[PDB]
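For reference, the structure discussed in these notes is given below.
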Amino acid sequence: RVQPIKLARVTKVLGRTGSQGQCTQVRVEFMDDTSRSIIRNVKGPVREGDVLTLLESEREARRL
Amino acid sequence: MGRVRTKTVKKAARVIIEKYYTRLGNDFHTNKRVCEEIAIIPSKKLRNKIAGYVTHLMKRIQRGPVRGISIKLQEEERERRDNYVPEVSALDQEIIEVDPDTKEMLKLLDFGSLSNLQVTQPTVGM
Amino acid sequence: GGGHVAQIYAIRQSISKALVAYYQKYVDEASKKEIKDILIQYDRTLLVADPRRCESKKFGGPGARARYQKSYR
Amino acid sequence: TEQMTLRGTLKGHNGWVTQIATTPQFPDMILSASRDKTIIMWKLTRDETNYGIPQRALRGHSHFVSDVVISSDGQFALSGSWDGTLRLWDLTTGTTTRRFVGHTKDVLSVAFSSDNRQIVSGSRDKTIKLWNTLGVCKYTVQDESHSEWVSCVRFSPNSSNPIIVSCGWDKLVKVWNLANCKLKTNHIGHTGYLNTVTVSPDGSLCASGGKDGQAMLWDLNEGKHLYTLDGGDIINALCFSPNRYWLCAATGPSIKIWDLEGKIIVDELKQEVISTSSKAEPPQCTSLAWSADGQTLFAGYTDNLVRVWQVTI
Amino acid sequence: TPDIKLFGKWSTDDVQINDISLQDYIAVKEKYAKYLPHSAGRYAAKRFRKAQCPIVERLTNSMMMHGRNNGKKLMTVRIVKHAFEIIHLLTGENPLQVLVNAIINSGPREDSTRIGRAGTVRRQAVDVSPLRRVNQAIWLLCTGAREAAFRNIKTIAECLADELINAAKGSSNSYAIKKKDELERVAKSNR
Amino acid sequence: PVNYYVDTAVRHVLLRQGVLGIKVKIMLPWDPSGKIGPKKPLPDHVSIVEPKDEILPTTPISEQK
RNA sequence: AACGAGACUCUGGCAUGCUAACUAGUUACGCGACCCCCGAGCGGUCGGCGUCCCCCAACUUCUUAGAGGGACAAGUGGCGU
């Protein structure tokens, strides 16, 4: 069934989840086409304007 | 945050402002001098902390009346504002439009008046 | 004072501050500003002294933030 | 017949430019006092991007430099400061000649006599002091002299005898006699706090103003009170023109110039901003100095910038 | 020194982070060229600030690891200066460019987190921030060089050059490259 | 202010049964007039002087002398 | 309104500002000398790092310890009742 790689740019930093408090919510402007905009969960330290490299490019999480 | 002014400070600010408004100013540097004249404050850090919060207030007051502070000048300003009244709004324009029954309200009240009928339909609860 | 790296940073700061102090009394202001510009830009503190200094160790660890060791039971 | 346009702007201070002084000896020079604790001497090109460029910084004061003045020659500078002292500097160079110590508080205002043989100072100590160029304090016009703070003290241009004029919070303007060292006349009438005061060119008038916005005109000679002009906003500094009958006042909203005879409002100078929205604002002009040739007008503003206007027909 | 502010002797200009997004926590010097990988450096107070720190120095710091080696920056600076020289001999170029490349190539794009998952705790594929990508890369390479160097005759400067070069063009010879692929492979399953 | 304001004393009173500890603490109020004390007010203090005198919109006018 | 927290006190950094210092130093002489030639000069002589001379030299910059001021998140811009 599938493969591609997706560039996405941080629009707005949502807040923090993980019970440990170590995953940061993010909103992403879809880079190759701005007419897209989705919520992704992060491992590292993230700040507005820097870029994610999305594997899955649907999905769109929430808690956990 | 970590700097949340405590009552002993915040009180003094409300205090001075109430009895000092036309004396006080926009600027930290001067009120600080003023607190020496108009108050007896024991340490310099406190007096500074006071001057500073009361200035933050003066900065705010001078942009919109603030929730619990009153001074003679602000009272005078509200007083004058609280006069307004136009051509005046009712009129209501020739002829009141009634809902009838309210028409029957006057009709059986022995009272002449201007008129208009548009009062029908029932009429659900909720 | 200080030690080997400590010293290097101090001397370099003294020299640049020096040159600027000199243009301020003898040459003209625009030159000295030009110099503060180049330093301050690329910098390294050249004209401003870094604050950072020892924090005192507190009983219960041999460092300042380091706390000894515990085993419980 | 004629109005004033914004020729250019001088940089370089960081604090607010509290005081300005011109020179006739070298009309090309400008001394300026600032919060930054430094005084800056500038050579004016007219040139082409900053109206001029800074020649010198006068260190040394630890605290807000409140007021400054220059000699006619442009040789020496007198600065007043919160630091509680007064400094005589060499314009040319730097090097404080002397330190004037003795005031208990911030020295608000400084002025020097035409002779260059008196120095007077006003301070938050509510006292006015007379000092020699040496640094010796001859007089302290003491005396309940101000119930209050002393915003400014100016030396009247001459003759019959030395007269000094002070302005204080106490809501009064005071005339003093130097020869005797006793209070000459109490001018009463202000009803807020007096920020600044200025004597006219020839020493027959007095203009004083502060927070209400009422610039006040007094006849010093007759010892009678002339009239009042409503500025509205708070006025920080006043200045008569050397050649014209124009008084200029730095208000909170801007610089208002007006003309005594005939009486009209010549101009309101507001410098602009472009496309800005714009919100907040005013670093209102805290200081102003007239040029030697009444042609130019320098103003010290809160943005730490000196803004210059030149009169054109 | 006055013409252009080179590195020990290497030019900052003309080195380009060949990788969008990463651009910018890799700090060369979109103006910042200096001279030496040592600074007073206050990076710690803020969360971000570290990004400001020159990547070279960042790499040098990671070098001084293991209890004994802590605080030996002079030693690291010395090692770094040597490594750049070895790298240069090996491919011309800017070794600094070589360094940057290895860093760009090593940060795990995707990773995994240990999501609680009930019992048999499963792991959730998540994408990884660029700060983490940089941070992680520099570790990987340093741990790689340090691990290799330890029982072998070869010096850290050399092992570092080898780790950096192989990574610059991802040879997969490198410990770090193999590690990154491992972390990423894991990220993909789980999902 | 503890140093300034309060005097304390501990006394051991031996009694047939055992010993009792008497602790006395006196707080001396020269914050009021103490006096004239090492601070007077308890750093936790702040007296306002408001005006204290003043009046008159009163038009202009001027007095000779 | 008070108590604890805090404010409070102590210590330590920013002060070519303050008042000062031979039981603290520095500049800079007067400095010669020791005096080496280190380079230049054939050498007298010039520039040169220190020690020592100590002086009816000057200073407070480093040092010192006292008093002074600085921070109030002060200005500005987003966000939030």
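Within the stretch B:50-126, report the chymotrypsin sites (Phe, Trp or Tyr not before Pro) that DSSP leaves as loop and that have at most 10 other Cβ atoms within 10 Å.
B:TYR84, B:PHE111
Given the convex hull of the Cα atoms of the stretch D:42-114, what is a quarter of its surface area in nm²?
Mean shadow area of the hull around the Cα atoms is 5.5 nm².
Below 13 angstrom from the Cβ of E:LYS154, what's the summed charge of the other residues (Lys, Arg +1; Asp, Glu -1)?
-2
Measuring from label point to label point, each 7 Å out along Cα→Cβ, what is the D:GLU281 to D:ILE313 span in nm?
Label at D:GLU281, label at D:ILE313, 3.4 nm between them.
Looking at the protein assembly as shown only, what percent of DSSP beta bridges run antiparallel? Nearest 5 please.
95 percent
What is the fewest-to-most order of D:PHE64, B:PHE28 by other Cβ atoms lying within 10 Å of their Cβ?
Fewest-to-most ranking of D:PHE64, B:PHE28: B:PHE28, D:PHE64.
Let me know the volume per residue of the alpha-carbon convex hull for chain B, in Å³.
248 Å³
Which far-off residues, 5 or more places away or on another chain, put their amide H under 5 Å from the one on D:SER81, with H placed in the peptide plane?
So D:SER81 has HN proximity to D:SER66, D:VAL107.
Given a Förster distance of 35 Å, report the FRET efficiency between D:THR97 and C:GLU55 from their Cβ-Cβ distance, rounded to the nearest 0.05.
With a Förster radius of 35 Å, E is 0.20.
Given the options D:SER208, D:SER71, D:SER34, which has the most mean-square fluctuation in a GNM of chain D, springs set between C-alpha atoms less than 10 angstrom apart?
Of the options given, D:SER71 has the highest mean-square fluctuation.
Would you work out if the stretch A:3-64 is rounded, prolate or oblate? Take a ≥ b ≥ c from the square roots of the eigenvalues of the alpha-carbon gyration tensor; rounded if a/c is under 1.5, else prolate when a/b is larger than b/c, oblate otherwise.
Note, shape of the stretch A:3-64 comes out prolate.
Report the trypsin sites (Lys or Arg not before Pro) located in the stretch B:1-109 that are in a DSSP loop and have at most 13 other Cβ atoms inside 10 Å of their Cβ, or state none.
Those that pass, being in a loop and sparsely packed, are B:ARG3, B:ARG63, B:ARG67.
Once you have the alpha carbon radius of gyration of the stretch D:81-174, what is it after dividing by 2.2 N^0.38 Å, with N set to its residue count?
Dividing the Cα Rg of the stretch D:81-174 by 2.2 N^0.38 Å gives 1.05.
Please quote Rg/Rh for the protein assembly as shown to two decimal places, taking the Kirkwood radius as Rh and restricting both calculations to Cα atoms.
1.09
Amide H to amide H under 5 Å from D:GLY192: which residues, 5+ apart in sequence or cross-chain, H placed 1.01 Å off N in plane?
D:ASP212
Report the relative contact order of chain D, percent, no decimals, based on alpha-carbon pairs under 8 angstrom and at least 6 residues apart.
It comes to 15 percent, rounded to a whole number.
Which whole-number percent gives the relative contact order of chain B, counting Cα pairs below 8 Å spaced six or more residues apart?
In percent, rounded to a whole number, it is 21.
What does the charge count around D:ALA280 come to, taking other residues whose C-beta lies under 14 Å from its C-beta (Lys +1, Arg +1, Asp -1, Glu -1)?
+2
Most mobile of C:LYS17, C:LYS33, C:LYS58 per a Gaussian network model of chain C (Cα springs, under 10 Å)?
C:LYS58
Once the other residues with Cβ under 15 Å from the Cβ of D:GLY231 are scored (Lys, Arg +1; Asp, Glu -1), what is the net sum?
In short, -2.
Regarding the stretch D:7-313, what's the average projected area of the Cα-atom convex hull, expressed in nm²?
15.1 nm²
Sticking with the crude label model, points 7 Å out along Cα→Cβ, report the distance from E:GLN23 to B:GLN93 in nm, one decimal please.
Once both label points are built, they end up 6.2 nm from each other.
Report the gain in length on full extension from B:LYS72 to B:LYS107: 0.36 nm times residue separation, minus Cα-Cα distance, nm rounded to one decimal.
Net length gain for the segment: 7.3 nm.
What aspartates and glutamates sit close enough to B:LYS32 to cross-link, taking a C-alpha to C-alpha distance under 16 Å and skipping anything fewer than 8 places away on the same chain?
D:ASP83, D:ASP106, D:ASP125, D:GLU148, F:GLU50
Rounded to the nearest 0.05, what FRET efficiency do D:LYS263 and D:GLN295 give with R0 = 30 Å and r taken as the Cβ-Cβ distance? Could you check?
E between D:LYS263 and D:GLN295, to the nearest 0.05, is 0.85.
Do any trypsin sites (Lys or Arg not before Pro) in chain A lie in a DSSP loop with no more than 11 other beta carbon atoms within 10 Å, and if so, which?
A:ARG1, A:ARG62, A:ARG63
Based on the alpha-carbon gyration tensor of the stretch E:6-189, what equivalent-ellipsoid semi-axes (square roots of 5 times the eigenvalues) come out, in whole Å, largest first?
Those come to 27, 19, 17 Å.
Multiply the residue separation of D:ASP47 and D:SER72 by 0.36 nm, subtract the distance between their alpha-carbon atoms, and state the gained length in nm to one decimal.
Working it through step by step, the gained length comes to 6.7 nm.
Can you give the FRET efficiency for C:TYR42 and D:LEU226, using 1/(1 + (r/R0)^6), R0 = 60 Å, r = Cβ-Cβ distance, to the nearest 0.05?
Once the sixth-power term is evaluated, E becomes 0.50.
With each label point set 7 Å from Cα along the Cα-Cβ vector, what nm distance links F:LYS35 and E:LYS178?
Roughly 8.8 nm, to one decimal.
Tilt of helix C:29-42 relative to the longest C-alpha principal axis of chain C, in degrees (0 to 90, nearest 10)?
For helix C:29-42, the angle is close to 40 degrees.
Test of understanding: ordering E:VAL28, D:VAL101, F:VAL10 by Cβ neighbours within 10 Å, fewest first, what list do you get?
Sorted ascending by nearby Cβ count, the order is F:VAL10, D:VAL101, E:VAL28.
As I understand it, the value is the acute angle between the Cα axis of helix E:130-149 and the longest principal axis of the Cα atoms of chain E; what does it come to in degrees, rounded to 10?
70 degrees
Can you pick out the pairs among D:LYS256/F:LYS65; B:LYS44/C:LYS58; B:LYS72/D:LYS270; C:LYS33/D:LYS279; B:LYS7/B:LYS44 whose Cα atoms lie more than 26 Å from each other?
Those over the limit are D:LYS256/F:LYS65; B:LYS44/C:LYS58; B:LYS72/D:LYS270; C:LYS33/D:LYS279.
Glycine also receives a Cβ, built like all others from the backbone with ideal geometry; neighbour counts cover every protein chain displayed. Read-outs throughout are calculated quantities, based only on the coordinates presented, and are distinct from any laboratory measurement.
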